[PDB]
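A.B. asks: To kick things off, part of the complex as it is:
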Amino acid sequence: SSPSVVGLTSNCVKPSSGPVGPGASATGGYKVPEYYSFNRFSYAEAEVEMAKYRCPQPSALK
């Protein structure tokens, strides 16, 4: 698959552990386990992944 999620290091459950949080589940009424299943360094870890897809970028230099 091309659209792969952020590396499982940045997802706490890795990837399913039954219902989590207030009832959020993969097939439950509230289908968003990701929101309740992030590492404490999830946001920062994700940044290392996206460096590949982000193109070059401007420069104010002289």
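C.D. replies: Everything's here; your move. Numbering: from 1, shown residues only, chains lettered A, B, ... in the order given.

A.B. asks: all contacts plus neighbour counts: C-alpha atoms, from now on.
C.D. replies: OK.

A.B. asks: quick one, helices of chain A?
C.D. replies: For chain A, the helices defined by DSSP state H occupy A:42-50.

A.B. asks: For residue A:6, what are phi and psi?
C.D. replies: With angles defined as degrees, to the nearest 10, residue A:6 sits at phi -50, psi 140.

A.B. asks: Grab the nearest non-local neighbour of it.
C.D. replies: Leaving aside its sequence neighbours, residue A:6 sits nearest to residue A:46 (Cα to Cα, 6 or more residues apart in numbering; 6.2 Å).

A.B. asks: My understanding was that the one you found contacts residue A:7; is that so?
C.D. replies: Yes - between residue A:46 and residue A:7 there is a contact at 7.4 Å, judged by Cα atoms under 8 Å.

A.B. asks: So these two - more neighbours on which side?
C.D. replies: For residue A:46 against residue A:7, the residue with the higher neighbour count under other Cα atoms under 10 Å is residue A:46, and the figures read 17 against 13.

A.B. asks: do you know how far the residue nearest to residue A:6 is from residue A:52?
C.D. replies: Plainly put, residue A:46 is 12 Å away from residue A:52 if you go by Cα to Cα, to the nearest Å.

A.B. asks: go on, residue A:32?
C.D. replies: When Cα to Cα is applied, the distance between residue A:32 and residue A:52 equals 26 Å.

A.B. asks: which of those two has more neighbours?
C.D. replies: When residue A:32 and residue A:52 are compared for neighbours, residue A:32 comes out ahead with 15 against 7, by other Cα under 10 Å.

A.B. asks: show me the residues around the closest residue to that one other than its chain neighbours that make contact.
C.D. replies: Using Cα to Cα, 6+ apart and skipping residues adjacent in sequence, the residue nearest residue A:32 is residue A:24, 6.0 Å away. If you count contacts by Cα atoms under 8 Å, 6 or more residues apart in numbering, residue A:24 has them with A:30-33.

A.B. asks: Who does residue A:24 form a beta bridge with?
C.D. replies: Applying DSSP bridges to residue A:24 gives these bridge partners: residue A:20.

A.B. asks: if we can go back for a sec, ok, of the contacts of residue A:24, which come out buried?
C.D. replies: Among the contacts of residue A:24, those buried by neighbour count (16 or more other Cα atoms under 10 Å) are residue A:33.

A.B. asks: would you list the contacts of residue A:24 in CSV and tack on distance to residue A:61?
C.D. replies: What follows is the contacts of residue A:24, written out as CSV (distance: Cα to Cα, whole Å):
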residue, distance to residue A:61
A:30, 49
A:31, 47
A:32, 44
A:33, 44
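
A.B. asks: give me the number of residues near residue A:37?
C.D. replies: Taking other Cα under 10 Å as the definition, residue A:37 ends up with a neighbour count of 19.

A.B. asks: Also put chain B in, sequence below:
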Amino acid sequence: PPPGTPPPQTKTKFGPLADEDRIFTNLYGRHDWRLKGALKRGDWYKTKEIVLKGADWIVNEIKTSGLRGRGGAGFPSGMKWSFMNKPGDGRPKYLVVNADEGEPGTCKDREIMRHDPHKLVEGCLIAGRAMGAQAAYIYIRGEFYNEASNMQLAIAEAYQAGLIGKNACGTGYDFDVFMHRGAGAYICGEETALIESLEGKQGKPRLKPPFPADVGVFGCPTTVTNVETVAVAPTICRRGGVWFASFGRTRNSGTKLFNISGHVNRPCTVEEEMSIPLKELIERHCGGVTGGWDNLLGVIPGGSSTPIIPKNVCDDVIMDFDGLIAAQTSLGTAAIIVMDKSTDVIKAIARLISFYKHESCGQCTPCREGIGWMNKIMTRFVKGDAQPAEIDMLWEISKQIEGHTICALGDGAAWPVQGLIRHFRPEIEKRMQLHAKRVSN
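C.D. replies: Adding chain B to the chains above:
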């Protein structure tokens, strides 16, 4: 008709908002928020084709939509997105999406980022081409950590599907989206203050002019736009600007999110047609005030920075920009804060004044320490330890802070006290009068 001419409204009732007309179809997170889930909702549909129409075509749709900014100022978006379209410079161009959600009583921006992040990323692209921006930054609260990661997850999906990055959506247009987790500061939701934080400075609002369209992040043209404005940007293009203009009154088109918090039976967030009568709103989704409509004491139409309105005015208010201005109050962020009769209104307002005192950046003189004065005044009102003549003084101080500050936070902090004194002054006097008896006796 010129491109900037939304069709005149021709309806006399604005209450239903049929389900198919809802924009954010995944507001309550009942479906898959992933790319497969959103694709089944058509979020990334025909995005190539919209982009290749041309920036000028996209803007004229937006002016035809008559979409006014949801951020809280309400300045018409059409013009706002046209100032940055002027081709005058050879510097880069950025689109800063303001995902900050600082204003009390407002949760709407949190919804758009947990369960439809791809709608926001989608909207960045369409808005990106309209401004011709080389990249977009998403500024998110520090406290919204999980949402940021959730938003980050959606962005990574977009990159792998080829929707953004090099050859975004196969249009030949190069676009990169970035996230910037600002630390906790309510002031950072102000356009220029936001631009300063992204530059890494302290984060104090700048003066205008120069406006962001000339100098913005890193001194380059930028357009600071709220998430709801962006998230609706693509669905306007898909479903036509005229369709959106159908809803809302003549100069107040569009659907709006209403976070109805406070003493209500069933507080929640609900998309509803703007210009709906307020009574029809509270008793349609939220199950009415706790003690029935008779226990209502007044509401704050737009969260803090909105003058309160008493019960009698609420009988006939219209939840709309023009409609509320008639009631000496502003819609703001559309967040309603209902207040039962069993509520110390003085203590409720005094909290908000204390809130602003904690959030003033301190840069400019009135709000730096003029608010520090009202905070001291309002504290003594709560105890009733004040002379009745102080009421007019407190009215007087507010007039001095309004319009003399750099940003609109100062203007915000003055509206609550003016709404309080203008409607519940008799109650304030009674509290003082009791304080005289108990202390004297």
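
A.B. asks: once more on the neighbour count of residue A:37, this time with chain B?
C.D. replies: Using other Cα atoms under 10 Å in any protein chain shown, the number of residues around residue A:37 comes to 22.

A.B. asks: From residue B:244, how far out is it?
C.D. replies: Separation of residue A:37 from residue B:244 (Cα to Cα) stands at 37 Å.

A.B. asks: and if you look at residue B:217?
C.D. replies: With distances taken as Cα to Cα, residue B:217 is found 32 Å from residue B:244.

A.B. asks: try residue B:199
C.D. replies: 36 Å.

A.B. asks: between those two, who's got more neighbours?
C.D. replies: A side-by-side neighbour count of residue B:199 and residue B:244, using other Cα under 10 Å, places residue B:244 first with 24 against 14.

A.B. asks: Using the three-state scheme, assign that one.
C.D. replies: What DSSP: H, G, I helix; E, B strand; the rest coil gives for residue B:244 is helix.

A.B. asks: Just to check, it is in contact with residue B:254?
C.D. replies: Yes - applying Cα under 8 Å as the test, residue B:244 and residue B:254 come out as touching, 5.6 Å apart.

A.B. asks: Please name the residues that touch the residue positioned nearest the centre of chain B.
C.D. replies: When chain B is reduced to its mean C-alpha position, the nearest residue by Cα atoms, centre = their mean turns out to be residue B:71, at 3.0 Å. By Cα atoms under 8 Å, 6 or more residues apart in numbering or on different chains, the contact set of residue B:71 is B:225-229, B:332-333.

A.B. asks: Mind doing that once more with 10 Å?
C.D. replies: Neighbour list for residue B:71: B:98-101, B:109, B:189-190, B:224-229, B:332-334 [criterion: Cα atoms under 10 Å, 6 or more residues apart in numbering or on different chains].

A.B. asks: Just the buried ones among these, please.
C.D. replies: Buried positions within the contacts of residue B:71, assessed by neighbour count (16 or more other Cα atoms under 10 Å in any protein chain shown), are B:98-101, B:109, B:189-190, B:224-229, B:332-334.

A.B. asks: so of the residues you listed, which ones are in helices?
C.D. replies: Of these, the ones assigned to helices by DSSP H are B:109, B:227-229.

A.B. asks: Distance to chain A added to these, as a markdown table?
C.D. replies: Supplementary listing: these in a markdown table, determined by distance: Cα to the nearest Cα, whole Å:
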| residue | distance to chain A |
| --- | --- |
| B:109 | 15 |
| B:227 | 19 |
| B:228 | 20 |
| B:229 | 23 |
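
A.B. asks: Among the residues you listed, find me the one that's closest to residue B:53.
C.D. replies: Sorting these by how near they are to residue B:53, with Cα to Cα, puts residue B:229 at the top with 20.4 Å.

A.B. asks: Looks like that closest one contacts residue B:108 (just checking).
C.D. replies: No - checked against Cα atoms under 10 Å, the pair residue B:229 and residue B:108 is beyond contact range at 12.0 Å.

A.B. asks: Chain C goes on too:
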Amino acid sequence: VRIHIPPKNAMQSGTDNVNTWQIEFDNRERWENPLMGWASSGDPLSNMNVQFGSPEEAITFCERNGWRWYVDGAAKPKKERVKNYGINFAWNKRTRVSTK
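C.D. replies: Chain C added:
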């Protein structure tokens, strides 16, 4: 006699106290007072000060009374200064401020 404009107070921004030309005499001797230590002087004109509208009048007044005079160079009108605000936030220029 020294025709001059009184010097602006560096410790203030107001200026309407330097909108005149003046005459002040030479700064003759002073000495400690033997008894109490006050400042003493035998210089009546040292106390003196008069105001004028232009040096030409000031010279005219000085000539009519026989005083010897010399004029301090009139401060040239300050060159125009741009003082733009937007340049504080510049993309590639050094004028960008690191503070706020």
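
A.B. asks: now that chain C has been added, could you go back to the contacts of residue B:71?
C.D. replies: The neighbourhood of residue B:71, defined by Cα under 10 Å, 6+ apart, consists of B:98-101, B:109, B:189-190, B:224-229, B:332-334.

A.B. asks: swap in residue B:38?
C.D. replies: With contact taken as Cα under 10 Å, 6+ apart, residue B:38 is in contact with B:25-26, B:31-32, B:44-45, B:115-119.

A.B. asks: and if you look at residue B:126?
C.D. replies: Residues B:47-48, B:50-52, B:55, B:58-59, B:132, B:230-231, B:233-235, B:237 are the ones in contact with residue B:126 under the rule Cα under 10 Å, 6+ apart.

A.B. asks: Just to be sure, it is in a helix?
C.D. replies: Yes - assignment of residue B:126 by three-state DSSP places it within a helix.

A.B. asks: circling back: so which pair among the contacts of residue B:71 is furthest apart in space?
C.D. replies: Farthest-apart pair in those is B:224 and B:334; separation 19.3 Å (Cα to Cα).

A.B. asks: can you map out the strands along chain B?
C.D. replies: When secondary structure is read from DSSP state E, chain B shows strands at B:94-99, B:135-140, B:165-168, B:173-181, B:222-226, B:255-262, B:268-273, B:296-300, B:336-340.

A.B. asks: on that earlier part again, chain A: which of the contacts of residue B:126 is nearest?
C.D. replies: residue B:132 (15.0 Å; Cα to the nearest Cα).

A.B. asks: Was I right to think the closest one contacts residue B:83?
C.D. replies: No - under the contact definition of Cα under 10 Å, residue B:132 does not touch residue B:83, with a separation of 11.6 Å.

A.B. asks: which of the two has more neighbours?
C.D. replies: A side-by-side neighbour count of residue B:132 and residue B:83, using other Cα under 10 Å, places residue B:132 first with 23 against 17.

A.B. asks: Now residue 40: phi and psi?
C.D. replies: Since no chain was named, I'll use chain A. Note on residue A:40: its backbone torsions stand at phi -80, psi -10 [degrees, to the nearest 10].

A.B. asks: my bad, chain C
C.D. replies: Phi and psi for residue C:40, reported as degrees, to the nearest 10, are phi -130, psi 150.

A.B. asks: burial of it, as a residue count?
C.D. replies: Residue C:40 sits with 12 neighbouring residues when counted by other Cα under 10 Å.

A.B. asks: Next up, the contacts around it.
C.D. replies: Residue C:40 touches C:29-34, counting by Cα under 10 Å, 6+ apart.

A.B. asks: In chain B, what residue comes closest to chain C?
C.D. replies: Here chain B gets closest to chain C at one residue, residue B:219, 4.5 Å apart by Cα to the nearest Cα.

A.B. asks: can you pull the contacts of that residue?
C.D. replies: With contacts taken as Cα under 10 Å, 6+ apart, residue B:219 has the following neighbours: B:91-93, B:195, B:199, B:212-213, C:86-93, C:96.
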